[PDB]
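So the sequences go chain by chain: A, B, C, D and E. Per PDB author numbering, residue 111 is the first one in the first sequence, and the count goes up by one each step. Under PDB author numbering, residues 454 to 459, 492 to 705 are what the second sequence spells out, in order. Per PDB author numbering, residue 505 is the first one in the third sequence, and the count goes up by one each step. Per PDB author numbering, residue 656 is the first one in the fourth sequence, and the count goes up by one each step. Per PDB author numbering, residue 656 is the first one in the fifth sequence, and the count goes up by one each step. Below is one structure, written out as structure tokens; the observations come after it.
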Amino acid sequence: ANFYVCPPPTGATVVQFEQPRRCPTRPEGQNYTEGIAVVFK
Amino acid sequence: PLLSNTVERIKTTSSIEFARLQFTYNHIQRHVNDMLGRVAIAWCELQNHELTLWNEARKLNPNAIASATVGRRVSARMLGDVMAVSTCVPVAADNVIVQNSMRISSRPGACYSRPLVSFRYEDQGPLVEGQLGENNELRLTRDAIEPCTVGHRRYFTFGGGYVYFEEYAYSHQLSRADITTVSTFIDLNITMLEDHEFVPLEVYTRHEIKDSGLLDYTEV
Amino acid sequence: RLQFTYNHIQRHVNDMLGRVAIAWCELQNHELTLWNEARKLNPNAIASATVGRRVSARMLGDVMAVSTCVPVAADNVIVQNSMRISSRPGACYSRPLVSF
Amino acid sequence: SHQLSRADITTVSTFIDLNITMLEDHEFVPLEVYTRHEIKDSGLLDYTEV
Amino acid sequence: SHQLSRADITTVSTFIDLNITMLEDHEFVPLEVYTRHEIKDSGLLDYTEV
Numbered sequence: 111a112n113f114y115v116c117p118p119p120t121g122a123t124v125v126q127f128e129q130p131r132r133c134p135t136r137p138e139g140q141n142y143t144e145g146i147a148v149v150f151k
Numbered sequence: 454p455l456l457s458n459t492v493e494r495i496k497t498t499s500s501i502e503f504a505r506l507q508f509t510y511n512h513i514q515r516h517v518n519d520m521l522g523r524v525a526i527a528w529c530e531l532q533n534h535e536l537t538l539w540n541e542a543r544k545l546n547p548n549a550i551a552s553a554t555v556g557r558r559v560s561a562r563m564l565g566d567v568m569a570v571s572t573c574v575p576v577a578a579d580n581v582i583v584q585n586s587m588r589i590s591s592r593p594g595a596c597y598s599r600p601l602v603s604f605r606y607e608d609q610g611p612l613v614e615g616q617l618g619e620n621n622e623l624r625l626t627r628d629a630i631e632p633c634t635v636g637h638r639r640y641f642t643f644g645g646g647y648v649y650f651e652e653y654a655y656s657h658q659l660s661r662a663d664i665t666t667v668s669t670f671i672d673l674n675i676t677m678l679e680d681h682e683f684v685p686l687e688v689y690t691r692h693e694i695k696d697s698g699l700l701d702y703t704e705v
Numbered sequence: 505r506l507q508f509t510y511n512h513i514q515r516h517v518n519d520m521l522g523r524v525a526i527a528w529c530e531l532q533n534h535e536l537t538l539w540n541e542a543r544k545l546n547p548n549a550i551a552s553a554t555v556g557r558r559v560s561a562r563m564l565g566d567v568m569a570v571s572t573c574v575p576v577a578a579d580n581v582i583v584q585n586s587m588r589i590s591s592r593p594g595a596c597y598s599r600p601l602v603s604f
Numbered sequence: 656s657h658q659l660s661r662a663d664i665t666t667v668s669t670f671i672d673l674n675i676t677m678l679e680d681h682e683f684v685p686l687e688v689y690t691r692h693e694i695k696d697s698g699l700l701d702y703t704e705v
Numbered sequence: 656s657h658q659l660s661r662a663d664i665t666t667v668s669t670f671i672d673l674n675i676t677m678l679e680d681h682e683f684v685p686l687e688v689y690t691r692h693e694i695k696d697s698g699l700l701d702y703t704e705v
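See the structure below:
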């Protein structure tokens, strides 16, 4: 609860919003090959 | 491999737990990475999408937007396609006095739409007249004037609470809790995973397996 | 080995989800100001969406007076054909006139 | 008066940051407290060899 | 002039999509390299049966 008093602004300080970023893209995804297998011990 | 129409002796380990652990880890990792990448993509898109609303909010009320974006309480004015900004100074709560009446004693039919205030910069400074503002801010020029209308009840921010004005006359102060609040936040509840402990557990120990034999040559 | 796997996954999830929660918090606290400005333009819509039901409202400074509206059936509303003012040519209505 | 580059003017962030990183790949190597050869050798005497 | 159904007018999306997919239920079966029996039979001679 602290009040504020503010002088009228001037062009001394200029600021702008950021431009949009580029969003990351999904990974390609692993390329899986089907098959039938036998495991020997 | 299948496609849709569209000299040395090898030693094998006795335990296969590593492969099962690898499968579990890979499955969990794939799921969490996919989902969290999707969430990151959605966050980036949402922020890029909300920039559009900000582009207009900077026009509707430059002071609030400058205060929330720059990082400190400042006053700004739009000066083309940019904002001219200025850092402005605090004033103690106890050094502010509100005048009882907002009525203009010299001009009937014109009433101040905001409460008139008297503030001093320091505890021993001179008295300065001015106009109250929004979110506890002080305006030096008294320009907010409107035609006087019957049925005038108003609330205004003051310190940590409100001041309520009846018929262009001082009525009383109110605590913040005195007025019911509607929620402007969407709730999101996350709880962490609890820490767990795995104890040594075996179906059969070495000694039980050794004892399973009917005769032992060594003991005999 | 199970301890290791569980721990590793636990750190990762409990970090990232906490980050998501924090970001949600900041997003809401950052959108509150856009609410604070949009409420001035069409207070009825913001009051209706925030309070929880279709409500009419009007600002009283830094607060807003609130009143719930009365439902009216769809079939009990009839729209007049013309917005023309029969006594003042050159003046027209902007929104359809109705009888309910 | 003149022209200016975009970099010439200070910018404040209008964006909220969410730094989610990925979970790393891991390898589970074969781990054994005792090989079966060690368990067999634990015995004092073996009928076959004797 | 007339009335129109809502679907008759082109609708543009003002929503951001998030496609969260659930983790599917899985089952682990009992799997082992060599059973307790196979290890017992691996010996060349057994004193008890001999």
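Note that CB positions come from ideal geometry on N, CA and C, so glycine has one too.
Asked	Found
7 Å Cβ shell around B/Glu687 - same chain, five flanking residues per side excluded	none
D/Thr690 versus B/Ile671: straight-line alpha-carbon distance, rounded	57 Å
Beta-carbon proximity of B/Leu623 to B/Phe604, cut-off 7 Å	yes
Terminal residues of the alpha helix (DSSP H) in which B/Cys596 lies	Per DSSP, B/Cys596 belongs to no alpha helix (DSSP H); it is in the beta strand (DSSP E), 595 to 597.
Cβ-Cβ separation, C/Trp539 to B/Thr669 (assumed contact under 8 Å), whole Å	5 Å
The region 135 to 150 of chain A / the region 560 to 569 of chain B touching (three or more Cβ pairs under 8 Å)	no
Alpha helix (DSSP H) segment containing C/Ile526, residue limits	506 to 542
Inside the region 616 to 648 of chain B only - beta strand (DSSP E) runs reaching at least 3 residues	622 to 624, 630 to 632, 638 to 643
Identified DSSP bridge partners for C/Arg588	C/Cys596
Contact belief for D/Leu673 with C/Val517 at Cβ below 8 Å, rounded distance in angstroms	Contact flag wrong, Cβ pair sits at about 15 Å.
Members of the region 660 to 683 of chain E near chain B, C-beta cut-off 8 Å	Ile671, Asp672, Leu673, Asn674, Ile675, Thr676, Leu678, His681, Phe683
Three-state secondary structure assigned by DSSP to B/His657	strand
Supposed contact pair B/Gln616 and B/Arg627 - C-beta distance, whole angstroms, cut 8 Å	5 Å
Short CB-CB distance (under 7 Å) between B/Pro575 and chain A	yes
Closer than 8 Å at the beta carbon, the chain D residues around C/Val524	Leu673, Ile675
Segment contact, 8 Å Cβ cut-off, at least three pairs: the region 589 to 605 of chain B with the region 628 to 644 of chain B	yes
Per-residue burial, E/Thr703 [other beta carbons within 10 Å of its own, 16 or more giving buried]	exposed
Under 9 Å (Cβ pairs) to chain B, residues found in the region 572 to 597 of chain C	none
C-beta neighbour in chain B for C/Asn518, strict 7 Å	yes
Buried versus exposed, by CB contacts within 10 Å (16 or more), E/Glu682	exposed
Whether D/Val667 touches A/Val125 by CB criterion (7 Å)	yes
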